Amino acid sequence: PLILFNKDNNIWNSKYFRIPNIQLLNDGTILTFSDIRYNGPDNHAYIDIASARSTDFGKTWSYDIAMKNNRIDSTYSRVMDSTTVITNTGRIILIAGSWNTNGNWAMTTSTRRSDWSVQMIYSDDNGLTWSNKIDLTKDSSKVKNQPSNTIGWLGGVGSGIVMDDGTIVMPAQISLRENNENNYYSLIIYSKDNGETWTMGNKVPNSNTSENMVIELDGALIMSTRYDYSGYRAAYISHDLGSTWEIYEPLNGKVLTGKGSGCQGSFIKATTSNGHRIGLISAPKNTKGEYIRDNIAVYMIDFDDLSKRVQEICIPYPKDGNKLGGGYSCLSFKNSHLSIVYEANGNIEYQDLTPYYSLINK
């Protein structure tokens, strides 16, 4: 499989790459992103976000640095953990978390992480160039309904979606100070003005939920989320654009994630030729446990045939992940094609999985 980002051979001399992202464009252009982890695999390090772009259905690629850290600290400055979406105008939005100090975003501080923010760039040229960074949290002009007890938040890590009427929804995660503890929860944010401003939904029902993606289904949002230490991906449904949540039984508990901490995964909607809406999820089986995150697999559910059990479609990365940082992945579906990007021993690899879609599409 093609090595999209190569720790061993890359224009930045980066030691390591993590947290890949993909969007298949309407015109067959492929756009991908990744954390450039200059010094190695650690989260709390010097990081920028790369793009790789391909006009030849992924034979060859053009690479750029799509977002730079705030350059304040040469050890700890980082923008990372990309969430993306393509608007109905075809604008491409990337939202990242920004820090410059040591220590986990959610758990290190008991008040608002002083160096923390959420930075956003957008592209109006099919991803050839990006705007300047736009700071979503410096003031209260850009995001409404942000809780006073916020420690930090960032996107869900993967892709957002667009509702019928053109509202953009991005998956998100937040850390909140609640009775002398820090608790993290998944939620969504939405923009009704092509990404210029945003409203924050409210948190899902269980804490310990973080990275996630939502699909739209007949006006509902359905979320598949990392639920740390539970051993599975949680799932919830919202009928009011993310103000309230209930447990979504068809998917809740259905994808197992093995012992230890959870792992990022992706969750996207496809409509097959027979009219059925299907969901596809990517995540490691993690049979070896903890951060090994072996066997990044693709699973499928049919929303129009709920009694049929979730099925493993294929295992694009049938290998143990690197314990220092692996397992993450991202699907993208557009115009009857299906691609995936994913971590593989410090590299990002890329595959076209369209043949698997054909098998499903029958």
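Residue numbers run from 1 along the displayed sequence.
- Per-stretch averaging of Cα B factors for 121-129 and 196-204 places 121-129 on top.
- Stretches 133-141 and 208-216 differ in mean CA B factor, with 133-141 having the higher one.
- The PDB entry gives the largest Cα B-factor of the residues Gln264, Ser175, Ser230, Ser148 to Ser148.
- For the set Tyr317, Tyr299, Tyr63, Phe333, the PDB entry assigns the largest Cα B-factor to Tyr63.
- Placement of the Cα temperature factor of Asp304 within the chain: middle third of the modelled residues, per the deposited record.
- Compared with the other modelled residues of the chain, the Cα B-factor recorded for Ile47 ranks in the middle third.
- For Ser224, the recorded CA B-factor ranks within the lowest third of the chain. Only modelled residues enter the ranking.
- Among the modelled residues of its chain, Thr287 has a C-alpha B-factor that falls in the lowest third according to the deposited record.
- Per the deposited record, the Cα B-factor of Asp81 falls in the middle third when ranked against the other modelled residues of its chain.
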